[PDB]
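Before any questions on how it binds or moves, here is one chain, the form deposited in one PDB entry, in structure tokens.
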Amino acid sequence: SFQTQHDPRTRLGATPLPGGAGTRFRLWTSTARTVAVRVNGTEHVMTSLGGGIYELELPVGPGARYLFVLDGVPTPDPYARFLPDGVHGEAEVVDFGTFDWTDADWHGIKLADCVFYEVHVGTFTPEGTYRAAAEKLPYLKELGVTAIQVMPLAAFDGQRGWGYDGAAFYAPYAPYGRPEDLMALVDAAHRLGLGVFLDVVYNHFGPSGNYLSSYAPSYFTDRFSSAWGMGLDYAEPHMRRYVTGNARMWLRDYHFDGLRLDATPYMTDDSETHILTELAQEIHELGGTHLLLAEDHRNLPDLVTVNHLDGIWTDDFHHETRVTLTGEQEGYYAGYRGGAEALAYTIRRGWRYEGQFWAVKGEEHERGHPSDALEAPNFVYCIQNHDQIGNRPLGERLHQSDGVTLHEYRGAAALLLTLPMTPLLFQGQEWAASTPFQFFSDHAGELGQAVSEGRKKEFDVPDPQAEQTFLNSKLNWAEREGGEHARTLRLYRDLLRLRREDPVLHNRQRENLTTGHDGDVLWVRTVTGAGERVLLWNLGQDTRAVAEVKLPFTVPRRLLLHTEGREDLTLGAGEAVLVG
């Protein structure tokens, strides 16, 4: 008896009418005294319906260009479905009924079956478009990943960016391709049996191109701020529906399988039904199998058990792994000792901080909650993602940090890809890519100069506004064919094949997972009715024989995979082995 608040009849923005009758244009404004739509250059006064709602139907079709005119000021549509001239230009009317989907036999993917592969469209290929990305799908399928996680696609200002400055949430960013090009990518992924997930940003709008306050200041509140402006006011139903309508678009109209919600701790809402809960209700009302994941640092199980999200990106594993391999202690890395005994505990508990004091200077509080309610798939683990590479001064990847060996890097992959938690890889990780992933942007005028200045002061650091910073982040695909890149890629292929094929590694129950350590050797044991597997990772500087590792059970004898392809059960510094 939950009823969606969305009815195509009353959809804000420009929606094609049935029977070839044209387009219905609708907006809400709390302050405008005159309201018109300018379509293909011609103004038409809109009809006032009450409640600040304005509507007009005209015989123009998909492809018509328009914007709204509020008290005489031409203003882009915040509900625009495409913005071919960028965030300050006219919108294009889009009809989602025209694309010829071929994915009727695709039925989504369960979280427990996801191995995510995080793609940034602009840097993933030379061209930096959906069409070019679609050509790498067979590679991804053969690699053994099962779900692509696409970085944000909402239109933002400038010709490149990570996506976190999205301002028109319903308009896929024009430099990556047209709406049909995005649909083509998702349809191609589904034909190969890959899921596709989208990163969405419901805690803030970018600094350029967000015109919602021009329509109604009450979309936003002065009670709290975001990074770029006034905070999003989730007590305002039109603000709630702006984001639930957007989530339904991506899932229903573009056939995405799920959404990764950025920075959920900053979606502030004191309503009776939290916006996260209403998001889950609204996407489930679609009657599919779509997933919602939260990027949330609070270690708060209620995201799953109360808001009814599917899982949580949980960085404690990442951070413990990074400190183990580098010893670094700056910023939030100071919250972790690292090491075999530390990693064993964090894996045991899912996340480390379950209410203990977080002693990081400037951030001190009691962090987290007991993780008992969550099952292995609810935790999304990684050793690399966009933030944990890009928020470093030089954007260097884990194997490129001082003091990290490729052997340690390969061991870390074996740990990540044999755990029952849901793993995520970042593009190029699988071949130990030689390129960094730097923070880049392309804002105009004073705002661009401020970004550059902001980056310099915060931490030579690459200027985010420089074209070179974007180009230096582009994947070099050819390099994967050789040397240690090819070696690393062979290991990733072997690990993803075992994850898929090995009947014991199919385990998805924390009940069947135990961990421990002996000195600098980490062990992770899985026991099910199908058998036993043990991963051992030598996080020391010396060589360790498997036979000399003190374990509280009898070690399995059969060597299933060694990260350096050795024949004997011995571990060089940083190396790992899976036995059974």
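Think of the rigid core as the biggest set of C-alphas that the two forms share within 1.5 Å after superposition. When you see a residue number, it is the position in the sequence shown, counting from 1.
Heads up, the form deposited in another entry isn't pictured, but that's what we're talking about next.
Of the residues 227, 486, 235, 286, exactly one exceeds or equals a 2 Å C-alpha shift between the shown form and the other one once the rigid core is aligned, and that residue is 227. After superposing the rigid core, the Cα of residue 181 is displaced by less than 2 Å between the shown form and the other one. With the core held fixed, the Cα of residue 326 is displaced between the shown form and the other one by less than 2 Å. With the core held fixed, the Cα of residue 452 is displaced between the shown form and the other one by 2 Å or more. The distance between the CA atoms of residue 334 and residue 228 is at least 3 Å shorter in that other deposited form than in the form shown here.
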